[PDB]
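A single chain comes next, written as structure tokens; it is the form deposited in one PDB entry.
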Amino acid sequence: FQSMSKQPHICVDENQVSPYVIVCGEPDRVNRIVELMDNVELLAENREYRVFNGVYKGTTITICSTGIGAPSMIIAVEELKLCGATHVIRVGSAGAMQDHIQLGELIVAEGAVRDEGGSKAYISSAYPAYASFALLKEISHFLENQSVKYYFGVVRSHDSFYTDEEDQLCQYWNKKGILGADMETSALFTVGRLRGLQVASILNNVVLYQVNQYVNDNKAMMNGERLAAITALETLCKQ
């Protein structure tokens, strides 16, 4: 029946999707982010794509999981774009590339090394993956007001942390001053920008670079997730 008008992966349309969007890897994180919003509604659920609308401080925002990886991210960006998204903020996870960065502290990517094939499918790797400065301004301002430590800088996005060369990759990138590594940021920044989106990425640190420990760690991380979501929500509701 109504299977003609919907985007084939995110399963939503023009009218459903807000111009303002948050994406994350984990479908179950979508339910956690909507907890913070009013007037929540499930829009679609398909494969790794879980899509909700919610209202935060008066502004209607769409929350969308995209699974792990640049290809699954790019699929959601293209289809969100077609539904009228203009501002998209990644809220995600990272492994630290500097030893001073603790669990549940935030990395805000100003730029990203394009070490994933996803963005390369579109354009020469020479094209920059960077965050919209208007969004960065707002993110910086929200994060200043609170106590959890956060770092602005370059992250690396890649397609595997499981090569035998992971150690050396880490060390090389540590010396270049990269803050953290994910799989999705540079693809958002590249494809998003090429489709005229304003984009940004707020990453929760979940691996150190280096029983009761476990519980505090998990709490720290869960606190970082919440902060990252709130920061993204605070930023989008100003536009």
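In case it trips you up, residue 1 is the first one in the sequence shown, and so on.
Same protein, other form: the form deposited with a small molecule bound, not shown, and the subject of what follows.
Review point. Looking in the deposited complex, any heavy atom of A200 within 4.5 Å of the small molecule?
Key: It does not: once the small molecule is placed as it appears in the deposited complex, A200 has no heavy atom within 4.5 Å of it.
Review point. Would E35 count as touching the small molecule in the deposited complex under a 4.5 Å heavy atom rule?
Key: Although the small molecule is absent here, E35 would touch it in the deposited complex, with heavy atoms inside 4.5 Å.
Point to revise | 4.5 Å heavy atom contact, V17 and the small molecule in the deposited complex | key: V17: no contact with the small molecule in the deposited complex.
Review point. Would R226 show up as a contact with the small molecule in the deposited complex if we use heavy atoms at 4.5 Å?
Key: Close contact exists here: in the deposited complex, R226 approaches the small molecule to within 4.5 Å, heavy atoms only.
Point to revise | Partner-facing stretch of 43-51, 25-33, 189-197, 59-67, counted where any non-hydrogen atom is within 4.5 angstroms of the small molecule in the deposited complex | key: Stretch with heavy atoms near the partner: 25-33.
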